[PDB]
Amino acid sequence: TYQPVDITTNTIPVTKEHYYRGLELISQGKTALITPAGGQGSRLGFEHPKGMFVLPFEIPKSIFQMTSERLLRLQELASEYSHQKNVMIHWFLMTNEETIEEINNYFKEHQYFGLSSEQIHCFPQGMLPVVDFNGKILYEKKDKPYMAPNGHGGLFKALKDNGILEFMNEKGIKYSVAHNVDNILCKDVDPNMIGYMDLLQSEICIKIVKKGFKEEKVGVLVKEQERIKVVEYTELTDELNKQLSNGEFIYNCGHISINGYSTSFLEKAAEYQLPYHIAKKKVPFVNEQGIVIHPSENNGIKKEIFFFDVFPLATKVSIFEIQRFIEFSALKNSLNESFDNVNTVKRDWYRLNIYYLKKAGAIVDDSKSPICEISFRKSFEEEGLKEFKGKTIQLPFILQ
C-alpha cells in the first residue's frame, strides 16, 4: 500500500557549493525555463492571457515583464562568476492555436523587455471540443465548436512534436525548470536547485512546502512500490491525514508545481501514455425556445491529461523543501475575495524585500510606510544590496 516520502533536504543540505555549480551550468548554456502563457485572466478584470496582466505596484509591471527581468539578472550573475561574455537562458512558452499570434505580438512590440529575439520560443499544445452529457459537441456558432486545451499533461508530447527536444540536444541543454504562471515570487532557473539536481544526478527534482493544516487545499506526495505519485486534495483519506504525537503530518510533502527535469527524462516522458481525467466548465447554449442561457452551474466536460501523472516513470527523484515566505505567493482572485489577490501578493513581496535588506546589513525603519520595492533586474536574493551595509533606510524605499 502507500508509504511516506522523506524530504531529501532534511539530511542532505543545500550548500554554497550547490549555488556555484548552478551558476557554472547556466554559464555553459546548459539550462532552460518552461512556462504556460496561462488561461484567460477572466477571474480578474482581464480578457487576455494571464502573463499580460499588469500588477498594480508603485512601478507597474506585467507578469511576463517580471520573468524577463529575473532571467536577465540570472544571466548577469553567471557571467560575473565565470568571466564568460555571452550567457543565454532559452525560454519555451506553451500556448495554443487560438492565442499564439497575440502573445508573439505582445513580446515584439515591447522589444522583448531587453531579452534577445533568439531566446523566446512560443509553441502550441493540442485542443479538443467541449461536450455535453450525451457526449455531443457544444457550439459557439454554426460550424464553430467551443474548444479547450488538452491539459497541462500535454506538455511532454508538445515538446517532441514542435522540435524542442531536438533543439535542446543541439544547444547542449541538460536541465529545465517548469512552473505555473500564478506564483509571483518564483525563482525561475534557481542556481541552488540546478546545482542540487546535478550533484545527486536526479531525473526529477520536486519543490515542496510542509503541509500546514488538515484542510489545506494542496496535493501531497506518496510512495507506491518504490515510485513517487501525487494524491490530489479531493482524494485524501483518514490514513493519509494521520499525525504524529507532536502535531506534524506523516504525509507532509505539499506539491506546489515548481519542478526540474533532465533532458533524457523529457525524452522518456514524451513516449508515455497519461491517464484521462474529467474537468468541468460553464458554457453558454441555446435553449428550447431559442434563448441563449448563461448557466449558474457547470455544464461542459473537458477531457484532460495531468503533468504530475508522469512522476512514477522516474527511478531517481529528489525532494527540495522551500519556505512559503521566500518562494510562494499566488495571484488567482479579484479583490471580491480575501485570499490570493493583488493586495496579498503586495504584502508578501514587501516583507521579503525588507528581510533581504536586513540580511545585507541594513537597518530598516517601517514606522510610517510598508512600501519596499526592489526590481527583479537589480537583485536575485540579497546579493545586489551590498552598498547598503551599515546604512539606515526609512520606508518608502524604491530601487529600480
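Quick note: we count residues from 1 along the sequence shown, nothing fancier.
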| query | finding |
| --- | --- |
| Per the entry, higher mean C-alpha B factor between 356 to 364 and 31 to 39 | 356 to 364 |
| Stretch with the greater mean C-alpha B-factor as recorded in the entry, comparing 238 to 246 against 200 to 208 | 238 to 246 |
| Top residue by Cα temperature factor, when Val231, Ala178, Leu313, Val286 are compared in the entry | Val286 |
| Deposited CA B-factor, highest of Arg324, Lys280, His152, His277 | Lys280 |
| Where the record places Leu335 (Cα B-factor, split into thirds across the chain) | highest |
| CA B-factor placement of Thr1, once the chain's modelled residues are sorted into thirds | highest |
| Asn183 by Cα B-factor - lowest, middle or highest third of the modelled chain | lowest |
| Where the record places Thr392 (Cα B-factor, split into thirds across the chain) | highest |
| Ranked C-alpha temperature factor of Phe53 among modelled chain residues, by third | middle |
